[PDB]
Ligand SMILES: *[C@@H]1O[C@H](CO[C@@H]2O[C@@H](C)[C@@H](O)[C@@H](O)[C@@H]2O)[C@@H](O[C@@H]2O[C@H](CO)[C@@H](O)[C@H](O)[C@H]2NC(C)=O)[C@H](O)[C@H]1NC(C)=O
Ligand SMILES: *[C@@H]1O[C@H](CO)[C@@H](O[C@@H]2O[C@H](CO)[C@@H](O)[C@H](O)[C@H]2NC(C)=O)[C@H](O)[C@H]1NC(C)=O
Ligand SMILES: *[C@@H]1O[C@H](CO)[C@@H](O[C@@H]2O[C@H](CO)[C@@H](O)[C@H](O)[C@H]2NC(C)=O)[C@H](O)[C@H]1NC(C)=O
Ligand SMILES: *[C@@H]1O[C@H](CO)[C@@H](O[C@@H]2O[C@H](CO)[C@@H](O)[C@H](O)[C@H]2NC(C)=O)[C@H](O)[C@H]1NC(C)=O
Ligand SMILES: *[C@@H]1O[C@H](CO)[C@@H](O[C@@H]2O[C@H](CO)[C@@H](O)[C@H](O)[C@H]2NC(C)=O)[C@H](O)[C@H]1NC(C)=O
Ligand SMILES: *[C@@H]1O[C@H](CO)[C@@H](O[C@@H]2O[C@H](CO)[C@@H](O)[C@H](O)[C@H]2NC(C)=O)[C@H](O)[C@H]1NC(C)=O
Ligand SMILES: *[C@@H]1O[C@H](CO)[C@@H](O[C@@H]2O[C@H](CO)[C@@H](O)[C@H](O)[C@H]2NC(C)=O)[C@H](O)[C@H]1NC(C)=O
Ligand SMILES: *[C@@H]1O[C@H](CO)[C@@H](O[C@@H]2O[C@H](CO)[C@@H](O)[C@H](O)[C@H]2NC(C)=O)[C@H](O)[C@H]1NC(C)=O
Ligand SMILES: *[C@@H]1O[C@H](CO)[C@@H](O[C@@H]2O[C@H](CO)[C@@H](O)[C@H](O)[C@H]2NC(C)=O)[C@H](O)[C@H]1NC(C)=O
Ligand SMILES: *[C@@H]1O[C@H](CO)[C@@H](O)[C@H](O)[C@H]1NC(C)=O
Ligand SMILES: *[C@@H]1O[C@H](CO)[C@@H](O)[C@H](O)[C@H]1NC(C)=O
Ligand SMILES: *[C@@H]1O[C@H](CO)[C@@H](O)[C@H](O)[C@H]1NC(C)=O
Ligand SMILES: *[C@@H]1O[C@H](CO)[C@@H](O)[C@H](O)[C@H]1NC(C)=O
Ligand SMILES: *[C@@H]1O[C@H](CO)[C@@H](O)[C@H](O)[C@H]1NC(C)=O
Ligand SMILES: *[C@@H]1O[C@H](CO)[C@@H](O)[C@H](O)[C@H]1NC(C)=O
């Protein structure tokens with residue numbers, strides 16, 4: 001289970017290669033569905049597999 | 001917009017020929033829309049029909065080929081198209097306006113030649129991007145017209161042949177979702 | 001049928017609520033669009049089986065066979081055959097009130113598109129098919145129209161059924177007289193009773209019945225304080241109107257979903273009939 | 001060779017198979033996107049409602065999502081059942097053409113391509129089958145005078161097979177689908193009755 | 001029509017082998033066809049020209 | 001002066017990464033090929049007056065000497081309301097929300113002459129060329145987007161596409177309807193509109209192209225097909241639908257005012273077991289007088305909105321009046337039960353009227 005900044009769900013947090021822009025906090029699949037998140041402390045990007 | 005005694009809607013108020021009986025106040029459509037109404041002050045009877053509407057179908061070659069397009073306002077008369085729609089009045093002011101039976105076609109050049117149907121429109125009309133290029137619109141040609149040269153004692157016999165190979169394609173499956 | 005214009009009419013307030021149901025109206029519009037394009041494909045594959053518009057000669061010496069009932073009548077603007085008129089009348093004596101009803105009912109976002117091929121064009125294809133057959137046998141099917149005298153075409157037809165061709169040539173006058181009389185019985189039968197064409201008139205009645213049902217479903221309340229959506233907009237403020245409108249949206253949307261589903265099934269029934277008609281051609 | 005070149009070049013030939021892929025993929029994408037619709041709930045992200053509202057209010061919002069999402073699956077499955085019926089019809093047709101055009105030679109006009117059918121070769125394709133229908137097309141026809149019968153010695157002769165033709169001076173018999181003239185002979189004609 | 005009332009040249013329409021004739025039998029909510037067919041057997045090799 | 005916005009002014013609509021995708025969004029955008037106003041400030045048109053803000057503003061500058069330094073936003077701009085100051089001084093960007101008394105002609109120069117005084121300040125923050133900006137007030141915030149780009153031009157807004165990134169997101173509640181530019185001793189203003197846009201995200205998730213879905217029929221096909229490329233065909237994009245020219249109102253021409261006064265201000269009311277009924281008909285009402293009276297402790301309407309009640313007509317109206325205990329008022333509603341509802345005054349399940357009640361312990 002995860003809560004990121006209120007984004008609450010369940011998944012397999014995985015180290016991302018997807019390069020978020022500096023202001024972007026979340027990332028989505030082609031389907032406009034959640035797919036990645038920026039960690040609010042390390043600022044790294046996690047694939048929410 | 002109209003509002004009679006609170007009965008409210010939108011339409012083209014028209015003097016009715018429908019003879020209401022003296023007690024009647026509304027006339028109704030099968031869907032309970034108002035077919036007609038009595039004016040509460042003159043007591044005259046008004047037909048109501050709705051303001052016109054229709055499918056905006058946009059006719060285009062591929063964007064690889066051109067950015068020109070023509071617009072078919074389906075089921076509406078060209079004299080009524082230009083006023084409103086989400087608004088592209090510069091089309092309706094163009095020189096190319098043409099009343100098909102499918103509806104008003106705007107931005108296509110009507111021609112008297114006939115060709116195979118490139119883009120279908122309806123009622124025998126088709127449109128194509130052709131030459132200086134424009135979108136033309138034409139009655140489709142069904143095929144080359146041929147007189148068989150029949151006679152009561154004449155026969156034709158093939159002196160040769162062609163072996164032809166024809167590709168036919170058929171679907172068999174679709175992806176097994178669950 | 002436009003899903004938003006049927007469900008909400010003129011109301012922008014209802015339209016904003018209908019967006020919260022999302023894709024359903026796009027699916028319904030697109031499904032009906034598929035059914036609509038299917039009808040031109042069905043017509044194309046039956047009649048456009050001939051590559052060229054063949055013409056009969058003016059000197060119609062077909063060896064005593066008299067196709068005058070079935071060949072085009074030049075005296076008319078549509079240039080249908082005589083039998084094609086009898087066919088056209090007996091079904092249009094139904095419809096091809098329903099159109100006038102649908103035109104009155106158009107107020108609710110119904111529309112009927114014209115076919116791609118007109119009656120004049122379809123009769124032009126049947127002309128080409130028929131003129132090809134009698135002048136050239138099956139050959140205009142396999143390739144070029146190779147002309148052959150019709151008496152000798154029919155002698156080939158006899159060989160096909162295992163009757164020697166001399167049986168044709170020795171009885172040609174009798175065989176022609178039998179054919180001409182049988183074509184007469186067709187003409188009389190179609191002139192006498194409409195009930196032979198029930199299959200065509202039934203699909204017309206089914207499509208008319210489906211739309212007249214879909215229209216009457218607007219008169220339902222679905223539990224709302226009024227069936228007429230403009231009443232609610234005139235009578236309740238937004239916080240309370242939304243609850244009443246959402247009942248109408250739900251019931252009107254399920255009315256479309258039922259209609260579109262049944263028309264998708266009827267489209268498959270008609271396409272199966274069109275595939276058969278194409279195979280018979 | 002023309003088949004190879006054509007399939008190497010045109011995009012539209014395999015339209016039926018690509019369309020079947022398009023319609024099914026489009027239906028899945030549409031079914032997924034319906035998860036974003038609110039159906040009147042305060043949020044379409046269902047975990048919002050359960051974090052944001054107390055149970056007896058949440059149940060009202062959740063049941064809107066359940067209603068609309070269930071209606072989304074019923075719409076999908078209904079349309080997939082109808083599409084399945086269409087694919088079944090193409091599959092029964094493809095199986096019949098395998099039986100009749102590949103395992104056989106079909107007398108059925110235009111069933112196995114244009115022209116008189118000779119043979120067909122099946123080729124597999126994604127979610128489908130391709131038949132290469134090999135057919136004979138009559139070509140380079142010439143005109144001839146013809147007659148139903150030859151009157152000789154007061155008796156009528158008819159062709160056993162083929163048709164009588166004349167080049168304008170001489171009469172021949174020939175097969176119907178390829179001009180190979182032969183002398184009209186008691187071996188290739190049969191008698192029936194007088195000439196009248 | 002084609003297998004019972006006739007003899008069908010359509011390959012594999014009326015069973016395997018060359019169709020001779022078929023007999024209809026009634027069954028609950030259905031029909032059963034007994035397809036009678038000639039299957040060639042015990043082939044021998046030959047030179048041919 | 002005026003010029004054309006050649007697809008400029010797209011901005012990232014939300015803080016969500018997306019890539020290799022086309023996404024449709026509905027938001028306030030600058031419409032493509034819009035008629036934007038052009039101003040010639042230099043240390044020549046110096047006057048540069050206050051402008052309306054409308055629903056939101058696109059701003060751009062073509063510059064070489066950093067002449068343009070900021071903006072003020074507000075309504076009255078006169079300390080009678082709070083206003084927002086944004087200024088870029090020689091060393092810092094500064095943002096403040098105060099009851100500013102701005103100067104009649106704010107400028108910088110060694111000089112800072114923007115306002116005479118500031119009070120009740122509730123927010124503060126301190127941080128060849130084309131500079132572009134967008135400003136919005138929405139959902140309880142003031143939101144700003146920007147990008148800077150190299151150019152080489154003498155005049156007019158350049159061609160080409162560039163998406164503005166979000167800059168700052170101020171949690172400030174003020175009203176805004178006007179703004180003015182701050183200058184140091186050319187720029188362009190466009191106004192946002194609600195538009196649908198299709199945004200193209202590359203493999204790195206930058207926006208590289210957009211379609212203004214309303215601009216023209218081809219753009220609408222592109223948008224309704226969710227594709228920047230459209231094959232040859234006919235595409236049913238949209239509905240044509242004629243808008244009303246005007247609104248007609250036809251109520252009955254009855255001048256007789258309805259006698260509501262004598263039912264509410266009656267000296268003696270009827271006993272609830274024998275509740276009185278008075279027919280109200282052939283008269284013109286003004287329910288706003290009743291609703292706005294504020295003299296009633298309870299005012300509940302069933303099937304009719306109290307405010308819209310004045311915008312409607314009725315065939316007949318019946319006024320029922322009686323006196324009951326304060327604890328019994330709750331029984332005067334549809335579907336209620338109890339001694340009063342059961343044996344004195346019963347409302348139907350589908351009641352369409354209004355119930356009004358007030359304390360009468362003085363009478
Ligand atoms: C086949 O012949 C027809 C006309 O037939 C004539 O009579 C035959 C018995 C034989 O003697 C032929 O040589 C004669 O010509 C030709 O029909 C003409 O076709 C052209 C177009 O090519 C057209 O303009 C003419 O009007 C046609 N004439 C008639 C009377 O219909 C036909 O071209 C011949 N086909 C071939 C392949 O030779
Ligand atoms: C399209 O609209 C025009 C009017 O805007 C119609 O033309 C008129 O038709 C009436 C008969 O219905 C004639 O009496 C007028 O003289 C016509 N006016 C003009 C200027 O032509 C036209 O018939 C309509 N066509 C369709 C198919 O609706
Ligand atoms: C072929 O059939 C048509 C009928 O379809 C015949 O035309 C009729 O001829 C009679 C005279 O014998 C007229 O009284 C009718 O009015 C005609 N009917 C029509 C529709 O024209 C025609 O004579 C027949 N021709 C041959 C050679 O049999
Ligand atoms: C075969 O049947 C036909 C009828 O279909 C017979 O033709 C009829 O013959 C009589 C004379 O015997 C004529 O009066 C009729 O007019 C004929 N009918 C037609 C339609 O032409 C024919 O005689 C029969 N032949 C045999 C050998 O039985
Ligand atoms: C029709 O065919 C006959 C063949 O049976 C042709 O006769 C030949 O004509 C050539 C001259 O062109 C002679 O050299 C041959 O000896 C002839 N052969 C026979 C068997 O007679 C005849 O010329 C052809 N006629 C036409 C008009 O084509
Ligand atoms: C924000 O300020 C504007 C004034 O700049 C207010 O707009 C006025 O609103 C009243 C109705 O309340 C109208 O009678 C005026 O005509 C409006 N003036 C203008 C210039 O539009 C607006 O109401 C204020 N909004 C808030 C939330 O305070
Ligand atoms: C730009 O504005 C900032 C204030 O927002 C100024 O920064 C202050 O400068 C004074 C000295 O003059 C210091 O005592 C403050 O501590 C500074 N505040 C902050 C937050 O840094 C800055 O000096 C101004 N620039 C110019 C050129 O006047
Ligand atoms: C700062 O804001 C307060 C209100 O938030 C202002 O107080 C008002 O002052 C005037 C007199 O100048 C009174 O008539 C109002 O009734 C006051 N309002 C409230 C809500 O108490 C105060 O004046 C502002 N400060 C300055 C310097 O203007
Ligand atoms: C997306 O970003 C990648 C890097 O993450 C870019 O790839 C580089 O492109 C330049 C050419 O512009 C090359 O010289 C580098 O070697 C590339 N790096 C790698 C790791 O391949 C890419 O150009 C960017 N594309 C877009 C459209 O922004
Ligand atoms: C939060 O902690 C991380 C170390 O885990 C640190 O790198 C980061 O700078 C911290 N956040 C801020 C705003 O300093
Ligand atoms: C309203 O005025 C018209 C004259 O404009 C008059 O004829 C009519 O009688 C009036 N209405 C009623 C209800 O009397
Ligand atoms: C566009 O046209 C070119 C030919 O000019 C062709 O090579 C290319 O494949 C076409 N692309 C599409 C998507 O039609
Ligand atoms: C098309 O043909 C009609 C006659 O059928 C003629 O009146 C008209 O002028 C022609 N139009 C053009 C553009 O040639
Ligand atoms: C832009 O609109 C204004 C009116 O708002 C008009 O005066 C001006 O001419 C327009 N721009 C151009 C280039 O015409
Ligand atoms: C009752 O009288 C008061 C003045 O005493 C008046 O304001 C009120 O409007 C009257 N009631 C009604 C229903 O008009």
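First residue shown is number 1, and so on along the chain.
For this deposited structure, the header notes the method as electron microscopy, 3.5 Å.
Quick reminder: no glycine exception, Cβ is built from N, Cα and C everywhere.
Residues or ranges marked as disulfide bond by Swiss-Prot on the basis of experimental evidence: E:3-E:14. Positions annotated as N-linked glycosylation site by Swiss-Prot, on the basis of experimental evidence: E:45.
Swiss-Prot feature annotations superimposed on the structure.
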{"residue": "E:3", "record": "disulfide bond", "DSSP (3 states)": "coil"}
{"residue": "E:14", "record": "disulfide bond", "DSSP (3 states)": "coil"}
{"residue": "E:45", "record": "N-linked glycosylation site", "DSSP (3 states)": "coil"}
Give me the CA-CA distance between residue E:14 (disulfide bond) and residue E:45 (N-linked glycosylation site), in Å, as a whole number.
29
Take the C-alpha atoms of residue E:45 (N-linked glycosylation site) and residue E:3 (disulfide bond) and report the distance between them in angstrom, rounded.
33
What's the most sparsely packed of the disulfide-bonded residues E:3, E:14, counting other C-beta atoms within 10 A?
E:3
How many other Cβ atoms sit within 10 Å of the Cβ of residue E:45 (N-linked glycosylation site)?
5
